[PDB]
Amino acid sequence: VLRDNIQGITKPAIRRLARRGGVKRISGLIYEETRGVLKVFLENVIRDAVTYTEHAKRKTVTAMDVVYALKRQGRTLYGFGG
């Protein structure tokens, strides 16, 4: 019973994120739209992270690769170093 890794980000999970955002009612088209936005987020960040990895001649993405990436994408994260 195989499926896409993105669909792994389930309707109920996406509903919970919305609720933390204070959303009362959600159109059924939201779940595909959200998956689209998430994929782009992760694409943009992981790409920068990996670029840091390659730079440091490593084969393992570190927490700092991600924190440095988040910084330059304007999503500065606190509590994983830096």
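All residue numbers are counted from 1 along the displayed sequence. Each form is matched to the other, and the largest set of C-alpha atoms that superpose within 1.5 Å is called the rigid core.
S.K.: Which stretch is less alike in 5 other deposited structures of this protein, 3-11 or 73-81, counting RMS CA distance after the rigid core is superposed?
M.R.: More C-alpha displacement in 5 other deposited structures of this protein shows up in 3-11.
S.K.: Look over 73-81 and 2-10 in the entry and identify the one with the greater average Cα temperature factor.
M.R.: Averaged over C-alpha atoms, the B-factors run higher in 2-10.
S.K.: Please rank the C-alpha B-factors of the chain's modelled residues and tell me whether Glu32 sits in the lowest, middle or highest third.
M.R.: Tercile = highest for this residue's CA B-factor.
S.K.: Relative to the other modelled residues in the chain, which third contains the C-alpha temperature factor of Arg20: lowest, middle or highest?
M.R.: According to the entry, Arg20 has a C-alpha B-factor in the chain's lowest third.
S.K.: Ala56: which third of its chain by C-alpha temperature factor?
M.R.: It falls in the top third of the chain.
S.K.: In terms of the chain's CA B-factor thirds, is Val67 lowest, middle or highest?
M.R.: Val67: CA B-factor falls in the lowest third of its chain.
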